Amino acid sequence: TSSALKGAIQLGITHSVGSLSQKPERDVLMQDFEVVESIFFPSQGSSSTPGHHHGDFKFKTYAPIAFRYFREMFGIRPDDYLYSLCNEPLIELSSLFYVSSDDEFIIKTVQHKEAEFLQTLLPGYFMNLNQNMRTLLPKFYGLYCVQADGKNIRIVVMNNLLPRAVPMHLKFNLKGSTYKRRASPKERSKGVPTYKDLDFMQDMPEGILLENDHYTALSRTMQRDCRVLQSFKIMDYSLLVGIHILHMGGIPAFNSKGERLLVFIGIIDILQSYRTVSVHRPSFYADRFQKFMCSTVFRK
């Protein structure tokens, strides 16, 4: 019964943000990042909580005020968040993901270790957001946890980098590494294949050309996201990249042949940190990661 999770997500977020938009607004304080609040949904029902078809669950909203601030800094009006996520069926896919009917939000699960680490990331995330306004890291809208009979599933709601609205003719999941970085042929048979690194280097060996103008932003704001990531001892993150070819949100690019492109990029899987690996190893992953994307994958 996946349906028992979709509903518990949808029920609880409504109750969480619903009750918040009545409380009046205030600034975020360091105190707000470690708050975790819990509301209880009996199948019978309660004075606070409506009854439902699914079984009894507690719904846990992590760091609620801080994600209110993050959502607003991101443009996510509360009424839209709630409608998109809690008032329309959720599609699965095949860590475990979902999407909104809208295709604007992605949900993902996260190991207890990864959610706990997100909580510690918040202040540095706040700092990066408020310094590097064109950063590529995940746009985190909320951290939640549904408590089943004796298990916890932990969800982080975040932004969809590749929306149905723009048609993606190429997909890539890149890391700057080579080992097994080649699309499992099971995946290679989708019409929407998310090719990996070796796949890239042969299919697109003259690269993705960028103007002297826009290539500089990338090189600059990636050096920034990599300095942020290695600071926090993070690894195994990919630069996900969808390409679209022509005959408004993304980057404009020129093809090896010369067709005009619009490239859509973002850094994903940033919650595995190492705070046995070496002292200087996450720095190695960053320097590689960046010297790759900003030489092999995008050039001037």
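In case it trips you up, residue 1 is the first one in the sequence shown, and so on.
In this entry, residue 275 is separated from residue 276 by 10 or more residues of the deposited sequence that have no coordinates. According to the entry, the deposited sequence places 10 or more unmodelled residues between residue 247 and residue 248. Remark: stretch with higher mean C-alpha B factor among 224 to 232 and 202 to 210 is 202 to 210. Note on 26 to 34 vs 44 to 52: mean CA B-factor is higher in 44 to 52. Reading the B-factor column for the CA atoms of 119, 84, 177, 189 in the entry, the top value corresponds to 189. Taking only the listed residues 168, 158, 129, 110, the entry reports the highest CA temperature factor at 168. When all modelled residues of the chain are sorted by CA temperature factor, residue 264 is found within the middle third.
Sorting the modelled residues of the chain by their CA temperature factor places residue 255 in the highest third. Among the modelled residues of the chain, residue 196 sits in the lowest third by CA temperature factor in this PDB entry. In this PDB entry, residue 147 carries a Cα temperature factor that places it within the highest third of its chain's modelled residues. When the CA B factors of the chain's modelled residues are split into thirds, the value for residue 184 lands in the highest one.
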